[PDB]
Amino acid sequence: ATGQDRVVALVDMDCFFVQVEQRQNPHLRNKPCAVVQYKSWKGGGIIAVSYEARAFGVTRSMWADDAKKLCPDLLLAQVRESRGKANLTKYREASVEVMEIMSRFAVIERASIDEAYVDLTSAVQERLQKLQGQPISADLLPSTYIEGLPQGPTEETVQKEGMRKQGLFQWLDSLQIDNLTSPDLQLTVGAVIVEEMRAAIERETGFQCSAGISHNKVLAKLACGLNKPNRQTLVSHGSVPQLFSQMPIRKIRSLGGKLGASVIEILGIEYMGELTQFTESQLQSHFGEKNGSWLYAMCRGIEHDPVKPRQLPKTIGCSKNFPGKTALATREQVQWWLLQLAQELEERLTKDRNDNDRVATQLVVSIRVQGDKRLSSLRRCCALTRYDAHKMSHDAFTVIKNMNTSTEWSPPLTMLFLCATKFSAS
DNA sequence: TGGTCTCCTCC
DNA sequence: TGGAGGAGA
Ligand SMILES: Nc1ccn([C@H]2C[C@H](O)[C@@H](COP(=O)(O)OP(=O)(O)OP(=O)(O)O)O2)c(=O)n1
Ligand SMILES: [Mg+2]
């Protein structure tokens, strides 16, 4: 198998939170700007950065005071604060706009707030039967890059738009259109549809996005990041060997952490391509049966993880960190914040019930204690029977009350997390 | 480092 | 009728 059975796209919103704030406030459009939370501490922590601001070296998690040193004219929008904490409602509602448009075209898997995988196989087939064997014009692909192209010989390729076009021209001239079963053709038609999905998103919301088109989710996701912002990339099966030959392992989705580090360390390699020299059994012996098989196929551009038909979140939660000296040290402090979180949760749950005809049946409560390395010190669950903040906050307190070893609380709490899960039809 | 989150696997 | 952790938005 060559892993060419599907056409898969991944659509990803450009500097998402920034665009949401720029739509609402025209003064921020086409300028260096960032989205911050909690203005009183070092100007706020940056959570999203415009491309104009990135050119100055501004990144996520920079304090805005520090970002102003790199970019003096940097403009800022603040996350809404409600019930004593950052509130992301605006961005979740903006997300809904985008997901709904995309779901008119095909089955989506909502992977995050601002990205969805699209399974385009069927849409591609139908379109190929509609076209009537007609040639594909370059005008149908005005923002598409073909990864690996242009190659060979040929005052045009000096500028980026010039390169894109020569690349696209070479691809289209070489396309055999008379055969409806050609994976390259399928991908091309898949890219035509994504141009239309992206045009629809921009028309109906004003947000711009990037997209990757390939044969699986991982290559689609890799493809998408190759030409940002506001552009889409086709990564064909044939492009993989050259692409993978200098592709750092950590750039592939799910290899950005400890597992990716172990591949590099154990095998003595740098690049995704280098993985081809190892047998499936060799990879299985190092990283386990599932990862080993996954890597064997992946380094050859083959992956089988399906686009799951799901556009609603499986969990609805909210949390607050209480770092250093702000750590919660009294029973009444703990009960107060549990109530704030519960109240926001109640509102979001109630909305979710009316919107999507479903109820959460489990409440998960998670905490961190001061001086614990781990990201969580304790997760406990209970039944969620009523969408009632007072009940949910009191029940949350019950199940964690045993952690106190002192009405003082010790050790102090650095984190609270309430999460509603286990949805069933209502 | 940061902060408010979601999805997944392992045992 | 679970809880810890990894990996990413
Ligand atoms: N660690 C993170 C990552 C993301 N986000 C939020 C803010 C982002 O705008 C949105 C989407 O995340 P992306 O990783 O897609 O980043 P952007 O959309 O901001 O930039 P890009 O244009 O590179 O996708 O999720 C966040 O709060 N914290
Ligand atoms: Mg994005």
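Below, chain A is the first sequence line, B the second, and so on; all start at residue 1. The analysis underlying the following values was restricted to heavy atoms, covering all of them including side chains, and did not include hydrogens, waters or symmetry mates.
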Distance below 4.0 Å between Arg110(A) side-chain N/O and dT6(B) OP1 or OP2: no
Distance in angstrom units between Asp305(A) CG and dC7(B) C1', rounded: 12 Å
Closest nucleotide among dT4(B), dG2(B), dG2(C) to the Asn321(A) side chain: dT4(B)
Non-neighbouring partners of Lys90(A) that pass salt bridge (charged side-chain N to carboxylate O under 4.0 Å, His left out), sequence neighbours left out: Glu21(A)
Pairing residues for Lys228(A) by the salt bridge (charged side-chain N to carboxylate O under 4.0 Å, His left out) criterion, not counting sequence neighbours: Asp12(A)
Distance test, side-chain N/O of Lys258(A) to OP1/OP2 of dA7(C), below 4.0 Å: no
Distance in angstrom units between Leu259(A) CG and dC10(B) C1', rounded: 14 Å
Euclidean distance, atom CD of residue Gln78(A) to atom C1' of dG3(B) [Å, nearest integer]: 15 Å
Rounded interatomic separation in angstrom, taking OH from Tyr117(A) and P from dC7(B): 13 Å
Of the listed nucleotides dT4(B), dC10(B), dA7(C), the one nearest the side chain of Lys290(A): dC10(B)
Rounded distance (Å) that lies between atom P of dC5(B) and atom CG of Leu312(A): 18 Å
By salt bridge (charged side-chain N to carboxylate O under 4.0 Å, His left out) - contacts of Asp139(A) (at least two apart): none
Among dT6(B), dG2(B), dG3(B), the one nearest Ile47(A) by side-chain distance: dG3(B)
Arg374(A) side-chain N/O to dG5(C) phosphate OP1/OP2 under 4.0 Å: yes
Outcome for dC8(B) when its sugar is typed by the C1'-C2'-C3'-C4' torsion: north
Integer-rounded Å distance: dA7(C) P and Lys251(A) NZ: 16 Å
Per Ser61(A) side chain, nearest of listed nucleotides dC7(B), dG2(B), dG2(C): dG2(B)
First encountered from the 5' end of DNA chain B, between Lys314(A) and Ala86(A): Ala86(A)
Ring geometry between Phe16(A) and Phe207(A) (parallel below 30°, tilted from 30 to 60°, perpendicular above 60°): perpendicular
Sugar-phosphate, base or nothing in reach of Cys419(A), heavy atoms under 4.0 Å: nothing
OP1 or OP2 of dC7(B) under 4.0 Å from side-chain N/O of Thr315(A): yes
Residues that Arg83(A) engages under side-chain contact (heavy atoms from CB on, under 4.5 Å), provided they are two or more places apart: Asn87(A), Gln340(A), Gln343(A), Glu344(A), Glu347(A)
Side chain to side chain donor-acceptor pair (under 3.5 Å) involving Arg104(A) - partner list, sequence neighbours excluded: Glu204(A)
Atom-to-atom span, CZ of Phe17(A) to P of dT6(B) - whole angstrom: 10 Å
Touch class at under 4.0 angstrom, heavy-atom based, for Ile316(A) against every strand present: sugar-phosphate
Given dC5(B), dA7(C), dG3(B), the nucleotide with the shortest approach to the side chain of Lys85(A): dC5(B)
Phosphate OP1/OP2 of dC7(B) contacted by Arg310(A) side-chain N/O (<4.0 Å): yes
Criterion side-chain hydrogen bond (donor to acceptor under 3.5 Å, both in side chains) on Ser410(A) and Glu408(A), from CA distance to verdict: CA-CA 7 Å; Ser410(A) 64; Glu408(A) 285 280 337; over 6 Å; no
Nearest non-hydrogen partners of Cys318(A) and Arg348(A), listed with the distance: CB-NH1, 3.7 Å
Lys422(A) side chain near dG2(C) phosphate (N/O to OP1/OP2, under 4.0 Å): yes
Nearest to side-chain heavy atoms of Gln362(A), which nucleotide of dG2(C), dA7(C), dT4(B): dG2(C)
Sugar-phosphate only, base, or nothing, as touched by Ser319(A) at under 4.0 Å among non-hydrogen atoms: sugar-phosphate
Nucleic acid contacts of residues 37-45 of chain A, taken as heavy-atom distances under 4.0 Å to DNA chain B: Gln37(A), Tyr38(A)
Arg92(A) side-chain N/O to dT6(B) phosphate OP1/OP2 under 4.0 Å: yes
Nucleotide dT6(B), atom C1' - distance to NZ of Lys308(A) in whole Å: 15 Å
Phosphate OP1/OP2 of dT6(B): any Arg348(A) side-chain N/O under 4.0 Å: yes
Within-4.5 Å side-chain heavy-atom neighbours: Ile47(A) and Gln37(A): yes
